[PDB]
Every structure is written in C-alpha cells, then in structure tokens.
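Report on the structure
Letter by letter, the chains look like this.
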Amino acid sequence: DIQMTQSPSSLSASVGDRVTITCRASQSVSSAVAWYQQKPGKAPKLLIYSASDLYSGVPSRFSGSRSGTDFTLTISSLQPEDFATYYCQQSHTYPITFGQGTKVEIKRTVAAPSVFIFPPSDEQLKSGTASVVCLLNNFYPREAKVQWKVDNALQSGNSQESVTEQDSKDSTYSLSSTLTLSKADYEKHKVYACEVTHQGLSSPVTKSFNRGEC
Amino acid sequence: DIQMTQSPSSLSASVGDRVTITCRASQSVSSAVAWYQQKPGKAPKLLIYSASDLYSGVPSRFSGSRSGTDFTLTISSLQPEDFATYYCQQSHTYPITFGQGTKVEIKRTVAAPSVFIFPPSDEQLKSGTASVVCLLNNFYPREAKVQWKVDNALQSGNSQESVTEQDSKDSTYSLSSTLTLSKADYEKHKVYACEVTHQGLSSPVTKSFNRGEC
Amino acid sequence: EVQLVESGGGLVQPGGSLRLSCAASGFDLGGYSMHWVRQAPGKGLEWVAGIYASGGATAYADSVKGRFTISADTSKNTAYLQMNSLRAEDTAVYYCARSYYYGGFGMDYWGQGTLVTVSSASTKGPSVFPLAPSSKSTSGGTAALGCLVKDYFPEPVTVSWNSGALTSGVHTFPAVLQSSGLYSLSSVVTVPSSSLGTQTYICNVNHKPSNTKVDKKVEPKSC
Amino acid sequence: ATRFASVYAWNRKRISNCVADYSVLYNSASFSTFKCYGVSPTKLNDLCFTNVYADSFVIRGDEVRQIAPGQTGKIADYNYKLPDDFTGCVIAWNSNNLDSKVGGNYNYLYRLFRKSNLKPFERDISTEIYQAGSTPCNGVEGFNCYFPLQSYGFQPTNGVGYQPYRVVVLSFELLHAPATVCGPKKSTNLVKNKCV
Amino acid sequence: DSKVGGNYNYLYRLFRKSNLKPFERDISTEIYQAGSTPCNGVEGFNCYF
C-alpha cells in the first residue's frame, strides 16, 4: 500500500498554456506510475505509463518525467479536449492505489457569484421540515464557501452543500448550499441569512429574510 | 487614485530601540509621500514630507528612505514621547489617500488577560434587552479577540467592542466585548460563553453561564 | 508662527448642512492649496477636498464629490468646506491643513479639528444600566461592579464612580455609536471583592450637552 | 564662481591639459564637507587623469549628505547621481552669505518630478510640465500637473539644514588613453658643483 | 572562537605605523596616523585606531 499524493488539487491555465501536475509516491514505486485523463461522464483514459511512456492514441502534447519519487505529467499546450481530471496510479505493490486526482481549468476571468436566496416556502413547510437554499451563480475559480447565519449569527452542524460542473464557454460554475431545519426549528428563529465568501469577491455577499417572508 | 498600504498595523519596540514601518504605494507616488504622528485627542503632526525632508520642529531621531514605491519610516531610537500612531499620505495625485496607521508599542512581556464576565442582570433586562459583557483586563499586546458563543456556537452580527487606552508604564489595556440579545432571544438559548484569544494565552479562556443564571 | 483654526462643526440632521471654516495666520494662502482631511473615530485619515488659493481650482475625493464644495479667500486668509446633504457616513473629525502648490507636497500645518456628526436621534441625556459582579474565585481575590452608559448624544460624556468620589480601580471604556443614533460605553470598578459590599458604587455619568447627570447605584448580586 | 547652477541643471566644466594640487582645497578648509571616493584626499597630487569634470550646484544643508556614490534620495536619484565605481571628490561649503536673499533666493531650482531615475552624471533641464495623473496637462499647471522644478526658500532666517551650500564634485576619469590633468609635482633648488 | 556579536575578547589589527617586520610582535595601541591631521592618540579626521 504506497500512496500517490497529487498536487495542486486544481490548476488553471489558458488554452495553449503549459501544464505540469506532480504526483509524489510515499516510497519508491520503481517506475510503475501511470497517468489517466477523466472527463465528466467518462472513463479515465491512459495517457502515460511506467513513468514516461506515452500510450498510443494519446496526443504528442503529453509527456512525463521522473525525479526520485516525484512523477510529473506535462501537457506542452492545452487544447479544449484536455480540460479534464488527471490521476496517478502506482502498480508497484498491492493494493494498487491512486491519488486524489487534480482538475485543469481554463483560467477564465475571476469573479464573484451572483447570489439568490430561496427562503422556505409555505408549500415546502407542509412536509414538516424546512430548508433555506442559497445559490451562488456563474462564478470562478472553483474554491468557494458559504457561511450560514440565524438571527444574524453563525450556524454549525445543520447544513449541506454541492458544486456544479463548469460551463463550456466560461468555465464558471454555481454552488449550492442549504440549511436543514425541522419546521419546529424554523419557527424558533426570526432572521435567516447567507454569507458568501469567494476569491473574486472584495466583501462577502450577505442576503437575508424574515421568518414567514417569501 | 493611488492607494496606500501600511504595514504592520502595530509594531513593538522598547525605549532606545529602532523602529521601521513600511508604506507601499500601489503606483508611483514620486517623492510626494508624507509621514505624520498622531496622539490621542490631537491632529496629526508632520514628521517627514516629500519622502525624505525632515520637517522643522521634528526631532532628529526621525528619518526615512525610498526604494521603488516603498517608503520606510524610521525612528532611530524611541523615547516615551514617540509612542504614537503613524500614518502615510500620498500627495502626488488626487484624491489623496492615506495608509491605515501603525501603532508603536514598547515590547513588554506578553501576557494573557484576566477575564471577568458580567452576565445580563435582572435589572438590565428591565429595558427589554440583554447585554452579556466580557472584559479582558490588564493585557499586552493590542491584538485580541473574543469568540462569543451561544449554545456553544460561534456568534457574529450581535456583538460590539471597545478598547481602553494603554497604561503609562506598562502599556497594557483592557478590552470590552459584548453580546446583544433581546430578552426574548436571551431566553431561547441555553449556553452562553466568552472564549478569549490572545498571544500570551496558552489556551483560550472560556467562561460561561446558562440562561437565567446571574 | 503658522496656525490653522477650525470651526463650523457640530450636530446636524441627515440631509442637512454644515459649513466648516479654517482661520489661518503666519503665511498667505496664495501659492498654497488648502485641504480638508477627515478622520472617523477609530479610523485613519482621508482627504476630502482641496483648493488652490491663487487659482480657484478645486479637487474632491470621490467619497464626498457633489455633496461637498471647497472654497478659499486670500483677502481674508481663511478657507471653507461647505458640506451639503450630510449623511451618517460623514460623521468624523474634520481637520484643515495646508500644503504648497496644487499638489505633490505634504501638509506642514494642521489645525486641531472639529467634530462633525450626523444623527436623527438629536441630543439626549444618558440612561444607566448596572453590571453584576462575578461571585467566583478570581486572581488576586478581586471583583468588580459596573455599568453601561447608554443612549446619550453627543460624546464626550464623563463617567466616574460614587458620584465622582471613586476613581480608584476604575476602568472606563471609550464610547461607541449605536444603531439608536446615540452613544454608549461600559465601565467597571475592580477592588478586592470584600470592598464591593463596603464602598459605594454609584455610576456617575455627567452629560453637559443635555444639562443632566445620572447617578446609578450598583450593588452586588447573587451570581 | 560668482554664481552656481541649480541642482536640477548643475554645471559641468570639463578640465583637460592642465595642472593642480588637490590639497590646496583641503588646506584652505573652507568646506563643511570634504570626502573622496576611489582616491584618497591626503595630498594625492601624483595622479594623472584623461579628464576631470568639475560639476557644480547649490542645495540645502540637509541635502549635502546625498552627494556621494551609493546614495539615494531626491537629488541622488532625480537631480544629480554619482556612479557606484566613482573616483572623485565631493567638496561643499556653506554659502549663506552669497546664495541667500532677503525674502528668499529663489534663483535656485531642484527637480521634484521625473518619470524615471537619472543615470550617473545625467543632466536633464527640461521645463515641460509633468503629468502626475491620468489626464493630459496640455501645458497647464494644476492638480495632478507639476512644472517639474521648484525653488528653494533660501531665506536669511533659515536654520543650518535649510541654508544654501555650494557643492563641487570632481570626477577623475582614468582611461587607457593619454592623461592630460596632473598635479604640480614638487621641485627643488638646482645644486651645482656637489654630488647630487 | 566564533561568538555571537563577534569575539570581543580578541583583538585584530587593521592599521600599522610601518610595515611589520617578519616574526616580530607589535603590541602597541597608539592611534594610526593615516591622514594629514595630527592624531596624537585620539580619534579625528583621517585618524584610525
């Protein structure tokens, strides 16, 4: 059981730019390292094997190298078909393992999310439960977070979150987060709010509503 | 519209020690940047103008220099009269911006605050509101914070702060931080606490009470 | 000797106006630009406006553009800031200062400034709230009683204890401005805890602008 | 000299095909400042240079310290710069009884604005108005537009740091070329009819 | 021999009155007359210890 640590978890580079992804074995794996390219909805494709061998059918743009336990994947010039998640795998010992994987983006202009708040509705509350939905739309880069507040103060242990894939022209994405309350908990509070934090945002976006509103 | 960034926000140096504060212009400011000294209750005094010209009436201990857009503000040796908040002004273009202000302190042994809690009293609640008060006493340096908690969760959006000036021999000070709840909100939460964070504190001080207690 | 002296501050209602004036002596105005600089309590300095005394030309910070007008008079050796449609955001101490030429020079002389405030809450005397002591063991065996001075306007307010007789052990915080449009501050008196049942602890709040005072007795409570 | 140049427009006299002893300046001791770089000040009258450049100007007393190799500052960077490998001497003296006038001697100017730093021994005496801001000046002085020079307030009441000083800098140019400027090497009396 | 701040108990010579003779010690503390300004044992213009 030899681990392949991968970094950076995400990389941004424009089309035609050079990309390097590094996989670090926790110990020697000899030269037995393979790289794979995975697209959404698709199987990983072998790119490179045995540290530096290009797999037939893989563009010449791809190459690899090794120094010590550091295995590197290089794309000399990114084309639109290369914006994929890349993985490293070692075949030295069993169990054979893979690293976390890293994602390559197109380095689209960085900007803050548009934020809409969807307060629990009267119809939704018929279920006996409640949820507050905060949606951050059309923004970039991938790292983003939402803090939640009740009676304008931070909440914890009562929320869920997910992130969409990236737009084919903009590389932007949306983020969804929500509070999970029973209807009975909804009834105990008066002010609900979503605080949005992002790298393209100079000041966190705060949106709110009163209980029973909207 | 040339902005100024001043660093550090606070600096310590004892009497007889040397002080250097850096002011960075976002663009060229030529040699039109000025250094001012402010004492509580008084207007800023000019120390140095146009980057390096010492102003008449200013002690010879004050000096400064330039590299690129970085203006170094120097006190060759501090005396008690030199403990002040220092600012940079950029007169090169309009609007004229200023840095944030750097407070110079005396390098006293760093130590944690004594912490006193004054939970809302029955008499205070006669107004219809609760005020939970945590005072941090006799401590140094200036950077300090209170992580307020309700039902042991971190609060925000419901607090206020005030800081006293510094002692003439020790340069220690006290910090006031409070929570505001209406009486109605006060009685909807069970556990109140003040978690104190400080440089001289090996483990955050936590003091607490239950609703209706004290 | 060069001097600059401010006037024209005070309390205005939002949407109203105040006209600042800076008397000057020891130098002419011609050849210099006159400038106003703003500083909110707890904040650093901001330039507001400037006028070249020998030209009549002006420059303004974007933050006050439109609302404020700057002017100067070389025969009078004085300068003004006309602040119209004043907002809560314009509460600050305003200072006059001078620099040579239109710009590119620092400010040599500064006046001491004037406080300009905007508030719909008008002028009010204080109310005083008690603070219960800790009843638990503490370092040094000390304890404190206190008060919260609230809803008064304008600042300064003088706060002491035992109707002004108790200064020993007194720790008083600066006031801050609240959502009520009025000011508030905390204060405590820390003594060996047995003194909390021996000495008198009356929160002495003296507020000259409303011609009043509040003497609020604070006593130890179960806790 | 009766009159010295402004530091922004410092004068340069090229010296060649001549002889002088540097120690004369030293011995007169009219200066507040006398410092040599590369070459010692201690009667180094046995050295020959291709050229000598005697640069001269008037500055404030608090600015005298900037006229040297390795220095930075408003003059060192924008009015008069000396090179890191400078060989030469900086001599300066208080000229308050010559360069000060009642009401202020404003005949002396210095540069406040430029878009770049000066090269060693560069002289730029342009009077074109400097654009500090984003808009064009179009020949008009104003906020964000500065006529690049400013006068010195050389008043009769100035303290020492604000009194005018006359600065002369002697740059000694040693090249792989025939030298033309030397010192008056000391000679002795002719002695005849004896072993000499 | 190395000390933080320099080994202050060790003395080093920077200047000499005349070139030192081979294998001969010189333990004199007299100030060196580097300049044209008489030194006479004390710090001055072009005088160095």
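Residues numbered from 1 in each chain as written, not as in the entry; some residues may be left out. Chains lettered and ligands numbered in written order. Part of a larger assembly, values for the part shown. Heavy atoms only, no water.

What the entry reports as its method is cryo-EM, with 4.2 Å given for the resolution.

**A word on the overall build of chain A**
To keep it simple, the criterion reads: Going along the chain from the N terminus, every DSSP run of H or I of four or more residues is numbered as a helix, and every run of E of two or more is numbered as a strand. When we talk radius of gyration, it's over C-alpha atoms, and the globule rule is simply 2.2 Å times the number of residues to the 0.38. Here, two residues are considered to be in contact whenever any of their heavy atoms come within 4.5 Å of each other.
Assigned secondary structure in chain A consists of 1 helix and 18 strands. Taken over the C-alpha trace, chain A has a radius of gyration of 22 Å; the compact-globule value for 214 residues is 17 Å, which it surpasses by more than 25%. With respect to the principal axes defined by its C-alpha atoms, chain A has extents near 65 × 35 × 30 Å. Sequence separation of at least 24 residues holds for 58% of the intrachain contacts in chain A that already meet a minimum separation of 6.

**Quick look at the nonpolar core**
Let me state the cut-off plainly: We define a nonpolar core as any set of buried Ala, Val, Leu, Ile, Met, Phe, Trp, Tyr and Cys residues linked to one another through side-chain atoms lying within 4.5 Å. When accessible area is computed with a 1.4 Å probe and restricted to protein chains, residues below 20% of their type maximum are described as buried, those above 50% as exposed, and intermediate ones as partly exposed.
Ranked by internal contacts, the top residues of the largest apolar core, which has 120 residues, are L81 and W110 of chain C together with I67 of chain D. If we skip the residues at most four places from it in the chain, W110 of chain C touches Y36, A43, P44, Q89 and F98 of chain B together with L4, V37, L45, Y95, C96 and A97 of chain C.

**Let's talk about the interface of chain B and chain C**
Quoted interface sizes are often the accessible area lost when the parts come together. As a reminder of what qualifies: The term buried area denotes the loss of accessible surface (1.4 Å probe radius) that occurs when two parts are joined, taken as the sum for both partners. Salt bridge, as used here, is a side-chain nitrogen of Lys or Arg placed within 4 Å of a carboxyl oxygen of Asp or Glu. Side-chain atoms alone can form a polar contact between residues adjacent in sequence; in general such a contact is a pair of N or O atoms within 3.5 Å, and within protein one must be able to donate a hydrogen while the other accepts it. Following the grouping adopted for this structure description, the nonpolar residues are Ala, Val, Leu, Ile, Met, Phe, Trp, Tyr, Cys and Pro, the charged ones are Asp, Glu, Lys and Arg, and the polar ones are all others, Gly among them.
Facing the 43 residues of chain B at the interface are 45 residues of chain C. For the pair chain B and chain C, the summed buried area comes to about 3500 Å², and 62% of that belongs to carbon and sulfur atoms. The interface formed by chain B and chain C holds 1 salt bridge in total. Of the charged contacts in the structure, one is a salt bridge between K221 of chain C and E123 of chain B, with a shortest N-O distance of 2.8 Å. Taken together, chain B and chain C are joined by 14 residue pairs in polar contact. Broken down by secondary-structure element, the contributors of at least two residues to the side of chain B that touches chain C are β4 (33–38), β5 (45–49), β9 (85–90), β11 (114–118), β12 (129–139), β15 (159–163) and β16 (173–182) of chain B. Here the element with the most residues in the side of chain B that touches chain C is β15 of chain B; it accounts for 4 residues. A class-by-class count of the residues in the side of chain B that touches chain C yields 22 nonpolar, 17 polar and 4 charged.

**Some remarks on the environment of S56 of chain A**
Within the secondary structure, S56 of chain A sits in the loop between β6 (53–54) and β7 (62–67). Between the alpha carbons of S56 of chain A and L46 of chain A there is a distance of 9.0 Å; along the sequence they are 10 residues apart.

**Describing the packing of aromatic side chains**
Residues and elements named next belong to chain A. Selection criterion: Any two rings among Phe, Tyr and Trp, with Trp reduced to its six-membered ring, count as a pair given centres within 6.5 Å; such a pair is stacked if its planes are under 30 degrees apart, edge-to-face if over 60, and tilted if neither.
With the rule as written, the count across this model stands at 51 aromatic pairs over all chains. When the centroid spacing of 6.5 Å and the interplanar angle of 85° are considered together, the rings of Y49 and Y55 count as edge-to-face. The partly exposed category is assigned to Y49, whose relative accessible area is 32%. For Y55, a relative accessible area of 38% gives the class partly exposed.

**Comments concerning the domain arrangement of chain A**
Residues and elements named next belong to chain A. This is how the line gets drawn: As annotated, the domain borders come from an automatic or database domain assignment.
Under the domain assignment, chain A is made up of domain 1 (4–106) and domain 2 (114–210). Summarising the inter-unit geometry, the C-alpha centres of domain 1 and domain 2 are found 35 Å apart. Counting residues at the interface gives 4 residues for domain 1, matched by 6 residues for domain 2. Together, the buried faces of domain 1 and domain 2 total about 400 Å²; carbon and sulfur atoms form 47% of this surface. Summed over the shared surface of domain 1 and domain 2, the number is 0 salt bridges.

**Brief notes about the interface of chain D and chain C**
Contacts between chain D and chain C engage 10 residues on the former and 13 residues on the latter. A buried area of about 740 Å², summed over both sides, lies between chain D and chain C, and 69% of it is on carbon and sulfur atoms. Summed over the three residues of chain D that lose the most area to chain C, namely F143, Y146 and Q150 of chain D, the buried surface amounts to 64% of that side. Applying the counting rule to chain D against chain C returns 0 salt bridges. At the junction of chain D with chain C, the criterion picks out 2 residue pairs in polar contact. Secondary-structure elements contributing two or more residues to the side of chain D that touches chain C are β8 (145–146) and β9 (149–151) of chain D.

**Re the layout of surface pockets**
Basically, it comes down to this: The rule is simple: put a 1 Å grid over the protein atoms alone, call a set of points where a 1.4 Å probe fits but cannot get out a cavity, call an open set with protein on both sides within 12 Å along at least five of seven lines a pocket, and count a residue as lining if it has an atom within 4 Å of a point. Grid points are joined across faces, edges and corners, and a volume is the space filled by probe spheres set on the points.
Its volume calculated, the second largest pocket comes out at about 1000 Å³. In terms of lining residues, the second largest pocket is bounded by 33 residues, among which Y49 of chain B, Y32 and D108 of chain C together with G153 and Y162 of chain D are the most central. Broken down by secondary-structure element, the contributors of at least two residues to the lining of the second largest pocket are β5 of chain B, β9 (92–100) of chain C together with β9 of chain D. In terms of residues, the lining of the second largest pocket owes the most to one element, β9 of chain C, which gives 3 residues. For the lining of the second largest pocket, the class distribution of residues is 16 nonpolar, 12 polar and 5 charged.

**Details of empty space enclosed by the protein**
Following the criterion strictly, the structure yields 1 cavity of 30 Å³ or more and no others. The computed volume of the largest cavity comes to approximately 40 Å³. Lining of the largest cavity is provided by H92 of chain B, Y101, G103 and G104 of chain C together with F113, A132, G142, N144, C145 and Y146 of chain D. When grouped by side-chain class, the residues that make up the lining of the largest cavity number 5 nonpolar, 5 polar and no charged.

**A few points about the sheet that holds strand β9 (residues 85–90) of chain A**
Paired through their backbone hydrogen bonds, the strands of a sheet run either parallel or antiparallel. Note the cut-off: In this scheme, strands are said to pair when DSSP sees at least two bridges between them.
In space, the 6 strands of this open sheet follow the order β2-β10-β9-β4-β5-β6 (chain A), with mixed pairing throughout. Either end of the sheet is taken by a strand with one partner, and the two such strands are β2 (10–12) and β6 of chain A.

**Considering the pattern of salt bridges**
This model, assessed by the stated rule, comprises 34 salt bridges over all chains. Of the charged contacts, one joins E105 of chain B and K103 of chain B as a salt bridge, the two residues approaching to 3.0 Å between their closest N and O atoms. Of the residues examined, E105 of chain B reaches a relative accessible area of 6% and is grouped as buried. A salt bridge links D73 of chain C to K76 of chain C; the nearest nitrogen and oxygen atoms lie 2.5 Å apart. Given a relative accessible area of 59%, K76 of chain C falls into the exposed group.

**Looking at the UniProt feature "disulfide bond" in chain E**
Using the following cut-off: Here, a disulfide means two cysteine sulfur atoms that sit within 2.5 Å of each other. UniProt positions are given in the numbering used here, feature names are shortened, and annotations may be inferred rather than shown by experiment.
The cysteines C39 of chain E and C47 of chain E that UniProt joins by a disulfide are bonded here; their SG atoms are 2.1 Å apart. The same class applies to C39 of chain E as to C47 of chain E, namely buried.

**Let's talk about the sheet that holds strand β14 (residues 153–154) of chain A**
Residues and elements named next belong to chain A. Taking strand neighbours across the sheet as the criterion, the 4 strands line up as β14-β13-β17-β18 in an open arrangement whose pairing is antiparallel. In this open sheet, the two edge strands, each paired with only one partner strand, are β14 and β18 (205–210). Summarising the sheet, strand β13 (residues 144–150) and β14 pair through 2 bridges and their orientation is antiparallel. Opposite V150, over in β14, you have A153 as the bridge partner.

**With respect to the pairing of β9 of chain A**
If a strand is regular, its side chains alternate between the two faces of the sheet. Residues and elements named next belong to chain A. Counting buried positions along β9 yields 6 of 6 residues, so the element is predominantly enclosed. Note that strand β4 (residues 33–38) and β9 share 6 bridges and pair antiparallel. The residue of β9 that forms the bridge with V33 is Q90. Pairing geometry for β9 and strand β10 (residues 102–105), over 2 bridges, is antiparallel. Counted as the bridge partner of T85 is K103 from β10.

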